[PDB]
Each structure stands twice: as C-alpha cells, then as structure tokens.
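Everything on this sheet refers to the single structure shown next.
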Amino acid sequence: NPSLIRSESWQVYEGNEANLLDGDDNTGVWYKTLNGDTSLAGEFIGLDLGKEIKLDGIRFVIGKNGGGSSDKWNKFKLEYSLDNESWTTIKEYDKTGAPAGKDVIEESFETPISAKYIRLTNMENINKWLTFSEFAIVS
Ligand SMILES: [Ca+2]
Ligand code: NA
C-alpha cells in the first residue's frame, strides 16, 4: 500500500493525512504553509509506492470543499522516480483561474511507467496555504 510523501515544513491545519489515502474524494487535509503563507517552487505531495511498479495511470484530487477551496497551486508538474533522488516529469499543469474546490488530476499511460515514487510538485511560488483530498494510482 502506498504511503504519503510531502514537504516536511507544512503544518496540518485541518483534517488527517490518512484522509488522503482513504479512497474518498470528500475527505481531505488543509496544510498551512510557512515562509509567509507561501508554497515555494519545489514543494510537493504524492506517494511512496514501497517498490517499483508499473503504473497505468494516476488519479489525484487537489483542493477540497469549503475552507481552503481555492488554496491550490497554480503551476505544478506530475513527476516520478525510481530512487527518490532523480525525477522525471510526466505532465506540467497551469490551473490559474480553475474553479474553487476539488480538482481531479487524472492521467492514463498507454504504455505503463515503472515508478517507486510519484508526486505533484509546485513549479512557481504562490502565496497560499494548500488543500488536498486524495492520491491514488492505477496498476
Ligand atoms: Ca480522501
Ligand atoms: Na469541492
């Protein structure tokens, strides 16, 4: 079973990090970001898969309902790794002006991608806290 990896400096403001793996879009977490309420480029959240596996896709739900519904990155990338040291990007996203609330980031790979770690990583400083709801893989 995957476990959560995320930037260590974030504070859990509301929710429980187990909510990010419970298979329910409707349960999430609200993180307070330090550095003057700023998520710096390079910060991240995703999954340690435990072992290298072939992924057919991912389904990550960023944001959450209510409090912190707009507390989301605007530019971020999906990337994977075999060793937690070198990363390879799969997709870059620009969600500036996306609707408030949950946003389903879902990708399918025609040819599986072998990964031990897979995560979303901020590409650009943003002066916001952050909410998330779910991280899942398809394999
Ligand atoms: Ca959840
Ligand atoms: Na919502």
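Letters A, B, ... go to the chains of the structure tokens in the order shown; residues in each chain start at 1; ligands are counted from 1 in the same order.
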Taking only C-alpha atoms and all ligand atoms into account, which residues are within 8 Å of ligand 1, as a PyMOL selection string? chain A and resi 18-28+133-135
May I have the selected residues written with C-alpha atoms, as a compact mmCIF listing (two decimals), in the first residue's frame?
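Result file follows (again.txt):
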```txt
# COMPACT_ATOMS: atom_id res chain seq x y z
CA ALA A 18 -4.88 9.39 6.37
CA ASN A 19 -7.75 11.17 4.62
CA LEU A 20 -5.50 11.44 1.57
CA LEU A 21 -5.45 7.67 1.04
CA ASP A 22 -8.95 6.58 2.16
CA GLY A 23 -10.47 6.38 -1.35
CA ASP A 24 -12.98 9.13 -0.61
CA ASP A 25 -12.84 12.39 -2.58
CA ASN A 26 -14.90 14.04 0.15
CA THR A 27 -12.26 13.77 2.89
CA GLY A 28 -9.11 15.89 2.75
CA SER A 133 -8.23 15.27 -0.94
CA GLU A 134 -6.89 12.06 -2.49
CA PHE A 135 -3.89 10.30 -4.05
```
Would you mind writing down, as a PyMOL selection string, each residue of chain A that DSSP on the backbone assigns to alpha helix (DSSP H)? chain A and resi 34-37
Filtering to N, CA and C atoms, could you give me those residues as a CSV table (one decimal), in the first residue's frame?
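Produced file result_30.csv, reproduced below:
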```csv
chain,number,residue,atom,x,y,z
A,34,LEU,N,4.5,27.7,5.5
A,34,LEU,CA,5.3,28.6,6.2
A,34,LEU,C,5.9,29.6,5.2
A,35,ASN,N,7.0,30.2,5.5
A,35,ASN,CA,7.6,31.2,4.6
A,35,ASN,C,6.6,32.3,4.2
A,36,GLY,N,5.9,32.8,5.2
A,36,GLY,CA,4.9,33.9,4.9
A,36,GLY,C,3.7,33.4,4.1
A,37,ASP,N,3.2,32.3,4.5
A,37,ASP,CA,2.0,31.7,3.8
A,37,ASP,C,2.3,31.6,2.3
```
Around ligand 2, which protein and nucleic acid residues have at least one atom no more than 8 Å from it, if we count only C-alpha atoms and all ligand atoms? List them as a PyMOL selection string. chain A and resi 26+63-66+69+100-103
Give me every strand (DSSP E or B) residue in chain A, going by DSSP on the backbone, as a ChimeraX atom specification. /A:3-6,11-15,29-32,39,44-62,75-81,88-94,103-122,126,130-138
Set the distance at 9 Å and use only C-alpha atoms: which residues neighbour residue 120 (chain A) once local chain neighbours fewer than 2 positions away are removed? I'd like the list as a PyMOL selection string. chain A and resi 43-46+60+76-80+118+122
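Put simply, CA of residue 16 (chain A) is 6.0 Å away from CA of residue 29 (chain A).
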In Å to one decimal, how far is CA of residue 73 (chain A) from CA of residue 111 (chain A)? 28.3 Å
Minimum-distance residue to residue 128 (chain A), chosen among A:51, A:30, A:71, A:7 (using only C-alpha atoms): A:71
From the list A:9, A:33, A:74, A:1, which residue is nearest residue 48 (chain A) when using only C-alpha atoms? A:1
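Proximity ranking of A:31, A:72, A:40, A:127 relative to residue 12 (chain A) places A:31 first, based on only C-alpha atoms.
Here CA of residue 126 (chain A) and CA of residue 57 (chain A) stand 27.5 Å from one another.
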